[PDB]
Amino acid sequence: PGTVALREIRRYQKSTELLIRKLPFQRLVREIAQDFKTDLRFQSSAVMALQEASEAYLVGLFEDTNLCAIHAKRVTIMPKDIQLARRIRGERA
Amino acid sequence: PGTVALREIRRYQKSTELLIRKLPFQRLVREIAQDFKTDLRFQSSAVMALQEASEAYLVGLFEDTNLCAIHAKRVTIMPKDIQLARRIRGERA
Amino acid sequence: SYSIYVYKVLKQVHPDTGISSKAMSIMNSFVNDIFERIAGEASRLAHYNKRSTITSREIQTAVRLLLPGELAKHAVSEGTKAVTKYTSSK
Amino acid sequence: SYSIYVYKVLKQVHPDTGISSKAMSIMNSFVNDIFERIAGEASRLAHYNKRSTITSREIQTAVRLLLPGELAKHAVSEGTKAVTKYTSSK
Amino acid sequence: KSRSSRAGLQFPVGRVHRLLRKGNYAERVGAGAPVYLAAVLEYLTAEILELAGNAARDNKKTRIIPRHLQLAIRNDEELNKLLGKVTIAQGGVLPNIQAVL
Amino acid sequence: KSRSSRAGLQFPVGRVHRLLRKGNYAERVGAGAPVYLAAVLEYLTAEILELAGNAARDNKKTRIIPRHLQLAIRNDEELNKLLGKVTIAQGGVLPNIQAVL
Amino acid sequence: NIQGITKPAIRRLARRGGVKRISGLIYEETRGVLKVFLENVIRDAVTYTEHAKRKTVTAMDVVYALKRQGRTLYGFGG
Amino acid sequence: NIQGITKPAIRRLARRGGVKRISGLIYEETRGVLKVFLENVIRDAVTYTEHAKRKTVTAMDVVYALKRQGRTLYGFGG
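Next up, the structure:
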């Protein structure tokens, strides 16, 4: 329902904390690093830097996605919005 | 009508020539340069470089605009598309 | 790295408002960043004009190029004011 | 500026296909561009690792960083092949 | 006497001078170069530090935390361009809800 | 004997060597540096020049004009990334109409 | 003066962009962007000129201006 | 393993983005992008590490990696 949604926007927009649990993220980084070089170790701050940048990247993406969703007539964001945003952003997989 | 439109797309997509009349463009450049420095003169190639870059910029913009127009349900491109594109492109006036 | 100075500048602007270590981290990133940016353009300007030395005249043009509208005008003023004092203030 | 070489390379690849002056202009822009790009990163890599000299080891890492996926692998091979010939081919 | 004081500055003219040559930016950097650059650095520092300090007060605090730098940078239209593609660690995002909601 | 021939290359090793030091990139550039860089430059040149030459034939011509470089660069997925934010003067655009039309 | 740009020309530019239908308003809207794009580029372009003490803006100036804009242009040097 | 990222977390991230309603599909879609983003960044990050002969990826490596990505990050040095 609309009221809780906005209430959540308001609260999480006022927030400054990392929204993903530290551990799961760290694992994702290790489980990725292993491809490029098997004997790799990341300092905790280096991992931290990645999360700060990762979540920053994502909200920024979300904002743009939101603008696309609204561009039609919707309030609900679909994959096609993330894609249209990333497209115009020049991003690629 | 659809048939002529596509026929025009096909022809102008195959084309490589500058689509704006040289003269009007050159005037626009002079009539702008005058602000920054009154005693300014542009070589013809420098002007040419500006047009190559200007029209390039514009079709690129148009492509993106087109993707926005289509994003709703439309085929006709409106200002709100150019704006949504420029927004996600990070551009500003 | 700049913490000394940025703190010195802080008291000069808000002589009662402190700054966190983490926020100081950011300030340091900012200082190094725009330094890197300005010196990069300055260096670029010098090669273009086939000059082997980076004059203050390059720092200025670099500043005009990288900084926004009116934010650039002050930076030039401040720099000229500063450079001139130093040169005369032998 | 590179027209000599790019033409020399052209005949080597298509010994019957010519190239326009305007197209040659582009090729020259390309050569200078990626040169500027690669040397820029190479230089960046050297300062980071507090080295006063740009080794071929920097050109390589720079190449890995700037060039796409598999397009980078060849460039490294070609460069190593080339460097090695020159070094041994005294 | 100090080059930083001769130029009436806080930022280290000397340090900036070292960085300019070490950096391998130039062949030889002039005398006024670091003093001009040091000057601009100090200026911008003061600028964002000012707006930041304001936002710190406006909430309720005395210590400036990243959020303030963020809120500060994003709210000044001119500073927002300069640090457009910059991410302030723990800066968070500027409160904003698209009207249509 | 020539440094370009010793390295089995077309691109001017010497020239590249001059540019590396003049450029004020480094303090001192090594011996293999220009030979490696010259090598990569020649490679990429050959690559795009090849694909370009193909497109020239595919149409009907013998001379490679910008359109070919363009069509060439844009069609190779890998080359398209490298020269992503590059504008080929008189290159035109890659023929393409969004399906939905 | 920007009115010298033309409906045709913009339609062609749109066509090359793969645009089928064009609302009558985008012609003036496009003039807006083209002007802003040129101002930004010419501003930095003359700043480069005002640096070598040259009253004439060379094509290499427009190039550096464009590179600063994040828009590399091939065909006028390097 | 990326499944360790969570619906909540993504919803929060979306909330901070000013998103009101979230289709159930964007949770997996977002995981797609987050992974690609991290791969690209960590790849260049370890390339910088493999350069100083350090087996440990320092925070300055992630920074240079990000600057190469066009994403400057403040707070971990400079």
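Chains as they are written, first to last, in the authors' numbering: chain C, 43 to 135; chain G, 43 to 135; chain F, 36 to 125; chain B, 36 to 125; chain E, 15 to 115; chain A, 15 to 115; chain H, 25 to 102; chain D, 25 to 102.
Idealized CB from N, CA, C, for every residue including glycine.
Start-to-end residues for the alpha helix (DSSP H) that takes in residue i
i, result
"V100(E)", "That residue, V100(E), is in no alpha helix (DSSP H); its beta strand (DSSP E) goes 100 to 102."
"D72(E)", "46 to 73"
"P66(G)", "64 to 78"
"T96(F)", "91 to 101"
"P32(D)", "31 to 40"
"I79(A)", "Counting along the chain, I79(A) falls outside any alpha helix (DSSP H), and DSSP gives it neither H nor E."
"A91(C)", "86 to 114"
"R128(G)", "121 to 130"
"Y40(B)", "38 to 48"
"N63(B)", "56 to 83"
"residue 25(B)", "The structure shown does not extend to residue 25(B), since chain B spans only 36 to 125, so no value can be given for it."
"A89(H)", "83 to 92"
"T45(G)", "44 to 56"
Opening and closing residue of the beta strand (DSSP E) in which residue i lies
i, result
"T73(H)", "That residue, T73(H), is in no beta strand (DSSP E); its alpha helix (DSSP H) goes 50 to 76."
"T96(H)", "96 to 98"
Same chain, Cβ closer than 7 Å to residue i, five either side skipped, listed in chain order
i, result
"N64(D)", "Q93"
"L97(D)", "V87, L90"
Whether residue i touches residue j by CB criterion (9 Å)
i, j, result
"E73(C)", "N25(D)", "yes"
"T115(F)", "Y50(E)", "yes"
"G41(H)", "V117(G)", "no"
"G106(E)", "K64(C)", "no"
"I79(E)", "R52(C)", "no"
"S56(B)", "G102(H)", "no"
"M62(F)", "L65(E)", "no"
"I62(C)", "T30(D)", "yes"
"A127(G)", "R95(H)", "no"
"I34(H)", "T107(G)", "no"
"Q24(E)", "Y121(F)", "no"
"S78(F)", "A40(E)", "yes"
"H82(E)", "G67(E)", "yes"
"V60(H)", "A75(G)", "no"
"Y57(E)", "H49(F)", "no"
Other residues of its chain near residue i: CB distance less than 6 Å, five sequence neighbours each side excluded
i, result
"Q68(C)", "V89"
"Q93(C)", "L60, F67"
"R67(D)", "none"
"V30(E)", "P48, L51, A52"
Interface residues of chain B facing residue i [CB-CB closer than 7 Å]
i, result
"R92(D)", "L100"
Neighbour list for residue i in chain A, Cβ cutoff strictly below 9 Å
i, result
"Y98(H)", "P80, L83, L97, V100, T101, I102, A103, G105"
Cβ neighbours of residue i in the same chain (closer than 8 Å, five flanking residues each side left out)
i, result
"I73(B)", "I94, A97, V98, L101"
"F104(G)", "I119"
"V70(H)", "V81, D85"
"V71(C)", "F84, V89, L92"
"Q27(D)", "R55"
"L115(A)", "none"
Where residue i meets chain C, residues with beta-carbon distance less than 8 Å
i, result
"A76(D)", "Chain C residues near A76(D): none, gap ~13 Å exceeds 8 Å."
Within chain H, the residues that residue i reaches when beta carbons sit closer than 7 Å
i, result
"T96(F)", "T71, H75"
"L115(A)", "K44"
"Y83(F)", "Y88"
Under 7 Å by beta carbon: chain A residues contacting residue i
i, result
"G42(H)", "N110, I111, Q112"
"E113(B)", "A53, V54, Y57"
Within chain F, the residues that residue i reaches when beta carbons sit closer than 9 Å
i, result
"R42(E)", "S87, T88, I89"
Where residue i meets chain B, residues with beta-carbon distance less than 9 Å
i, result
"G28(A)", "Near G28(A) there are no residues of chain B at all, since even the closest Cβ is about 12 Å away, more than 9 Å."
Where residue i meets chain E, residues with beta-carbon distance less than 7 Å
i, result
"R95(D)", "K99, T101"
Chain-ordered neighbours of residue i on chain D, where CB pairs are closer than 7 Å
i, result
"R69(C)", "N25, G28"
Check: residue i C-beta below 8 Å from any heavy atom of the ligand ATP
i, result
"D68(F)", "Absence of the ligand ATP is noted for the structure shown, with no ligands found whatsoever."
Chain C contact residues for residue i, given Cβ-Cβ distances below 7 Å
i, result
"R129(G)", "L109"
Contact list for residue i against chain F, beta-carbon separation under 8 Å
i, result
"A60(E)", "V44, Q47, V48"
Residue i: contacting residues in chain G (beta-carbon distance under 7 Å)
i, result
"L126(C)", "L109, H113"
Chain-ordered chain F contacts of residue i [CB-CB under 7 Å]
i, result
"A47(E)", "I89, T90, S91, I94"
"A70(E)", "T52"
Neighbour list for residue i in chain D, Cβ cutoff strictly below 9 Å
i, result
"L106(B)", "Here the premise fails: no neighbours, minimum Cβ distance about 15 Å."
Item to check | the stretch 107 to 122 of chain F / the stretch 44 to 62 of chain E touching (three or more Cβ pairs under 8 Å) | outcome: yes
Checklist entry - Counting Cβ pairs, one atom from each stretch, are 3 or more of them under 8 Å apart for the stretch 87 to 100 of chain E and the stretch 80 to 99 of chain C? => result no
Checklist entry - With contact counted as at least three CB pairs below 8 Å, one residue from each stretch, are the stretch 56 to 75 of chain F and the stretch 30 to 46 of chain H in contact? => result no
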